[PDB]
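One chain follows as structure tokens, the form deposited in one PDB entry.
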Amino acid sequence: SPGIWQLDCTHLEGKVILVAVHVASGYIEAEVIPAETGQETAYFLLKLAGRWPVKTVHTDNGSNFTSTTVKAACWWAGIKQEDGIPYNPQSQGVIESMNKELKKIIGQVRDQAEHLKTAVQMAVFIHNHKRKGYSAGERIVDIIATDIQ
């Protein structure tokens, strides 16, 4: 579970926000892309896996699971690519809630930047630093450090 991430794609302002959630901590990375292609998704995962020890990614949809470019990225980065079937129905609700939370934060910062990508990164910052009391950022580091040790 320290190495398990879940992809999530949401929409805003006619653009796509691609999110990777670290399941055990709720920590996230996100980017704005024009559309969710296999190439965009592959590049995003390459970035993520160079930054955190990504063992497994539950893809966000069947097209990214199928994509040979995505599978090639997962091969490259040593990632086990898996489906995102919510065998635990709670997975669904957690992601849905996270998307609503993220959109709320983006609205709260939206006027502090011209470009959506800027607001999304501000939203990533606020989400990861929010104490719920540890933050998601604190949680992911402790989880992973415990695993190293």
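In this text, rigid core is short for the largest set of C-alphas that superpose within 1.5 Å between two forms. Residues carry their position along the shown sequence, with the first being 1.
The segment moving more, judged by mean Cα distance from this form in 4 other deposited structures of this protein after a core overlay, is 87-95 among 114-122 and 87-95.
According to the record, the deposited sequence contains no missing residues between residue 11 and residue 12, so the chain is continuous there. Mean CA B-factor, 100-108 versus 24-32: the higher value falls on 100-108. Per the PDB record, of the two stretches 51-59 and 87-95, 87-95 carries the greater mean B-factor over its C-alpha atoms.
In what follows, reference is made to the form deposited with a small molecule bound, a form of this protein that is not presented.
Though the partner is left out of this view, residue 86 does not reach within 4.5 Å of the small molecule in the deposited bound form, counting heavy atoms only. The closest heavy atom approach of residue 101 to the small molecule in the deposited bound form falls within 4.5 Å.
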